[PDB]
Amino acid sequence: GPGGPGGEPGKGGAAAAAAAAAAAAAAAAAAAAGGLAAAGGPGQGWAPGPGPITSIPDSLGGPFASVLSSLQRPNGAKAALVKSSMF
């Protein structure tokens, strides 16, 4: 036949994997000692297009984005990871 070539081997590495495993533990220990952060983005936004840097609030006590809804009806059970349980 004509043949049947292929592609060079990808990039492997054990350290790259271990690094991720250890990194995870560190974050856990850091919080155990006291507390540093909660998530990679303190505030509400995720808006379309490029936006300004995440500047901390000026004695407001709320998320980055400013509330627009005047009358926000009462709602509950709105979370991605809800506290589950089992017998």
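- For this deposition, the record names solution NMR as the technique by which the model was determined.

- Per the PDB entry, the chain goes by Paired mesoderm homeobox protein 2B and derives from Homo sapiens.
- According to the record, the entry carries the title "human PHOX2B C-terminal domain including the polyA fragment at 278K".

Here we look at the overall build of the chain
Stage number 1. In terms of regular secondary structure, the chain is built from one helix and zero strands.
Stage number 2. A compact globule built from 87 residues should have a C-alpha radius of gyration of about 12 Å, whereas the chain, at 23 Å, is more than 25% larger.
Stage number 3. With the principal axes as the frame, the chain shows a C-alpha extent of 75 × 40 × 40 Å.

Focus: the environment of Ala 26
Stage number 1. Of note, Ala 26 is situated in helix α1 (residues 14-33).
Stage number 2. In the structure, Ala 26 is positioned 22 residues away from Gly 4 in sequence and 47 Å away in space, judged by C-alpha atoms.

Section: the environment of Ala 27
Stage number 1. On the secondary structure map, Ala 27 appears in helix α1.
Stage number 2. In sequence terms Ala 27 and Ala 37 are ten residues apart; their C-alpha atoms lie 9.4 Å from each other.

Looking at unusual backbone geometry
Stage number 1. Positive phi outside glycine occurs at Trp 46, with the angle close to 50 degrees.
Stage number 2. Take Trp 46: it is sitting in the segment after α1.

What counts and how
Within each chain the first residue of the written sequence is number 1 and the count goes on from 1 in that order, possibly differing from the entry; residues lacking coordinates are omitted. As a rule here, side-chain values come from all non-hydrogen atoms in the structure, and water together with hydrogens is ignored. Helix numbers and strand numbers start at the N terminus; a helix is a DSSP run of H or I with at least 4 residues, a strand a run of E with at least 2. C-alpha atoms define the radius of gyration, and 2.2 Å times the number of residues to the power 0.38 defines the globule rule.

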